[PDB]
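Undergrad: Sharing a structure here in structure tokens format.
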Amino acid sequence: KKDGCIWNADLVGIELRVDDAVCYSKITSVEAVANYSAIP
Amino acid sequence: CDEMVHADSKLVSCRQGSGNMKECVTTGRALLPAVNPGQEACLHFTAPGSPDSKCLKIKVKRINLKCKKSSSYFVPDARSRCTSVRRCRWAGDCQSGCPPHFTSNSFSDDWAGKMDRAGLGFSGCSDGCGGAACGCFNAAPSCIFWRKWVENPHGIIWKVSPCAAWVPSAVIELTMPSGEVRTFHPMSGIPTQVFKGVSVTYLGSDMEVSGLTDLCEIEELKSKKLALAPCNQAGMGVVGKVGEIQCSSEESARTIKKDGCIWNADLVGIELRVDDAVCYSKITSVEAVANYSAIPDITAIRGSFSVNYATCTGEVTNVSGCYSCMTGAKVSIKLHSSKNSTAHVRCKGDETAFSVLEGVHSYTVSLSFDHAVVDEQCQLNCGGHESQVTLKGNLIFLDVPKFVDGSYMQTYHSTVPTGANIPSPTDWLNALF
């Protein structure tokens, strides 16, 4: 809800059909995407 | 299920809406290890009250390598048609200097402005024939107006997406404690979050990864077959790529009428003559232009659940054979219970927990386990504790008992054991000194 935080252009996966559109996404979780250590 | 992890019910907030059966609402986070393919994993729910509890079964089916549709675009089959209305000067009265501005949508010259069966084709004048040969008797030359259509009589449409990556993913079926079964495909190599009902599943272990070049998928709407290509894609049609017309409505993918889809500058082959213009094209079909092939720790996060809420006997019947095989041996138990309920672990089984569910009759539900020797003791299954015991000789991967041929070779191997040392001892005295 706060304006300070900032989106990504065309990040969210909207795709169309003959009737109505469905949702997908291409975002990545913080874990296991680029992780080089884990604190003991 | 062989691997099983119980919840962390320390989050306790249950409203006693009904006294006979309780109610509760809870959430949290869980960390269950990845099960082998072809088997289902469990998740046990606990309540401070004893009699009632539920379960949740997560079934895996396949391991494969797909990638997520970051975009989506349609491609019609372009064709180039072109018309020509040929006024001559003082009869079309068209300007001596051709108007450098051109109205690319209306064309008031031929019937005002209407729907154009082309997607933003261009406009222009031309050189001028004038004299007795063209016959309208004026000396000065005549401008000619031309159209170009990008058209599609009977299209075959392809939808394409440039993931340009490959990460492992699997097939998951889910079992809500209520009894719902909803399917979906989680991209569990990437921390994607698929939404359904109350729960969400996410990442696993990428125990193997591989690399591959810039390729992505081509699929046909009539479903001829499935095709693969270098499959370049962006917001615009770059030179020499597979996809030139990139158009974003299937219901408008037959004709060319939606604005979303985007042309190429000077793509269509209009050429002039002394009378009228003719059509050509330089577009390339998807096939045989750049084609490089032709196709022949799973964990979940919990939302605000909708958790819901006597005498019972076990009465086993038989035992099967497996120890140290990746599936385990299957055991059958014939129970009856006056209520619909779920069971729980045998403490002395010493291999895995339990999560059975029964109807109010005498049935049997069979589960998989492995052991060196059968013990089968100490289960707090259902309602009350019962201590039933089984006995059977389990089967393991061993040698062949059928013929006992290895017995004969075992007797032959132990041959002249003392003889060699006896000859060695006498030679040892000579060799040492």
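Naming works like this for the structure tokens: A, B, ... for the chains as they're shown, residue 1 at the start of each chain, ligands 1 onward in shown order.
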Under the rule of at most 6 Å, produce a per-residue listing of chain B near chain A: chain, number, name, the closest pair of atoms, and the distance in Å, as JSON lines, using only C-alpha atoms.
TA:
{"residue": "B:190", "atom": "CA", "partner": "A:28", "partner_atom": "CA", "distance": 6.0}
{"residue": "B:191", "atom": "CA", "partner": "A:29", "partner_atom": "CA", "distance": 4.0}
{"residue": "B:192", "atom": "CA", "partner": "A:28", "partner_atom": "CA", "distance": 5.8}
{"residue": "B:251", "atom": "CA", "partner": "A:18", "partner_atom": "CA", "distance": 5.2}
Undergrad: For residue 81 (chain B), please output as an MDAnalysis selection string all residues within 10 Å (counting only C-alpha atoms; exclusion window: fewer than 4 positions along the same chain).
TA: chainID B and resid 118 147:151 268:270 278:281
Undergrad: May I have the residues from that selection written out with N, CA and C atoms, as a compact mmCIF listing (two decimals), in the first residue's frame?
TA:
# COMPACT_ATOMS: atom_id res chain seq x y z
N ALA B 118 -5.92 -5.20 -44.10
CA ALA B 118 -4.49 -5.22 -43.84
C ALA B 118 -4.20 -4.65 -42.46
N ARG B 147 -1.84 -0.22 -52.22
CA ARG B 147 -2.03 -0.82 -50.90
C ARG B 147 -1.17 -2.07 -50.78
N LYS B 148 -0.93 -2.49 -49.54
CA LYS B 148 -0.37 -3.79 -49.24
C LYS B 148 -1.15 -4.43 -48.10
N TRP B 149 -1.55 -5.68 -48.28
CA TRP B 149 -2.19 -6.45 -47.23
C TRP B 149 -1.24 -7.49 -46.66
N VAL B 150 -1.23 -7.58 -45.34
CA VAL B 150 -0.74 -8.76 -44.63
C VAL B 150 -1.97 -9.55 -44.19
N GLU B 151 -2.14 -10.73 -44.78
CA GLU B 151 -3.42 -11.42 -44.74
C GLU B 151 -3.20 -12.87 -44.34
N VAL B 268 6.71 -6.01 -46.76
CA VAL B 268 5.97 -6.54 -47.90
C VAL B 268 6.54 -5.99 -49.21
N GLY B 269 6.63 -6.87 -50.21
CA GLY B 269 7.23 -6.59 -51.49
C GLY B 269 6.35 -5.93 -52.53
N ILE B 270 6.16 -4.62 -52.43
CA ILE B 270 5.46 -3.86 -53.46
C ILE B 270 6.48 -3.37 -54.47
N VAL B 278 2.54 -4.81 -58.49
CA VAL B 278 2.37 -6.24 -58.31
C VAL B 278 2.90 -6.60 -56.92
N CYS B 279 2.53 -7.78 -56.41
CA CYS B 279 2.78 -8.16 -55.03
C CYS B 279 3.97 -9.11 -54.98
N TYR B 280 4.85 -8.93 -54.00
CA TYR B 280 5.74 -10.02 -53.60
C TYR B 280 5.99 -9.94 -52.10
N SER B 281 6.84 -10.81 -51.57
CA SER B 281 7.06 -10.86 -50.13
C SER B 281 8.45 -11.42 -49.87
Undergrad: Out of chain A, which residues get strand (DSSP E or B) from DSSP, as a list in words?
TA: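 Restricting chain A to strand (DSSP E or B) produces residues 12, 13, 14, 15, 22, 23, 24 and 25 of chain A.
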Undergrad: Could those residues be written to a file, using N, CA and C atoms, as a PDB file, in the first residue's frame?
TA:
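Result saved to part33.pdb:
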ATOM      1  N   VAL A  12       4.599  -9.586 -13.932  1.00  0.00           N
ATOM      2  CA  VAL A  12       3.536 -10.554 -13.668  1.00  0.00           C
ATOM      3  C   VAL A  12       3.032 -11.167 -14.966  1.00  0.00           C
ATOM      4  N   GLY A  13       2.784 -12.473 -14.926  1.00  0.00           N
ATOM      5  CA  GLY A  13       2.402 -13.276 -16.070  1.00  0.00           C
ATOM      6  C   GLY A  13       0.932 -13.300 -16.427  1.00  0.00           C
ATOM      7  N   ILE A  14       0.448 -12.262 -17.097  1.00  0.00           N
ATOM      8  CA  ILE A  14      -0.909 -12.254 -17.624  1.00  0.00           C
ATOM      9  C   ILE A  14      -0.880 -12.822 -19.037  1.00  0.00           C
ATOM     10  N   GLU A  15      -1.772 -13.772 -19.301  1.00  0.00           N
ATOM     11  CA  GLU A  15      -1.967 -14.330 -20.628  1.00  0.00           C
ATOM     12  C   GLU A  15      -3.458 -14.447 -20.902  1.00  0.00           C
ATOM     13  N   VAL A  22      -5.756 -15.609 -17.550  1.00  0.00           N
ATOM     14  CA  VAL A  22      -5.339 -16.458 -16.439  1.00  0.00           C
ATOM     15  C   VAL A  22      -4.022 -15.906 -15.897  1.00  0.00           C
ATOM     16  N   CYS A  23      -3.641 -16.319 -14.688  1.00  0.00           N
ATOM     17  CA  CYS A  23      -2.529 -15.723 -13.957  1.00  0.00           C
ATOM     18  C   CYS A  23      -1.319 -16.635 -14.062  1.00  0.00           C
ATOM     19  N   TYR A  24      -0.135 -16.053 -14.263  1.00  0.00           N
ATOM     20  CA  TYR A  24       1.097 -16.767 -13.938  1.00  0.00           C
ATOM     21  C   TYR A  24       2.134 -15.764 -13.450  1.00  0.00           C
ATOM     22  N   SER A  25       3.349 -16.223 -13.173  1.00  0.00           N
ATOM     23  CA  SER A  25       4.369 -15.351 -12.609  1.00  0.00           C
ATOM     24  C   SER A  25       5.744 -15.887 -12.987  1.00  0.00           C
TER      25      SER A  25
END
Undergrad: Determine the nearest neighbour of residue 330 (chain B) from the options B:366, B:421, B:306, B:299, counting only C-alpha atoms.
TA: B:366
Undergrad: Using Å and a single decimal, report how far CA of residue 351 (chain B) sits from CA of residue 327 (chain B).
TA: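 Atom-to-atom, CA of residue 327 (chain B) and CA of residue 351 (chain B) are spaced 12.9 Å apart.
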Undergrad: Between B:300, B:326, B:207, B:389, which has the minimum distance to residue 348 (chain B) (counting only C-alpha atoms)?
TA: B:389
Undergrad: Any idea what the distance is between CA of residue 226 (chain B) and CA of residue 294 (chain B)?
TA: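 The value is 8.0 Å.
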Undergrad: Find the residue from B:119, B:141, B:303, B:38 that sits nearest to residue 95 (chain B); use only C-alpha atoms when measuring.
TA: B:141
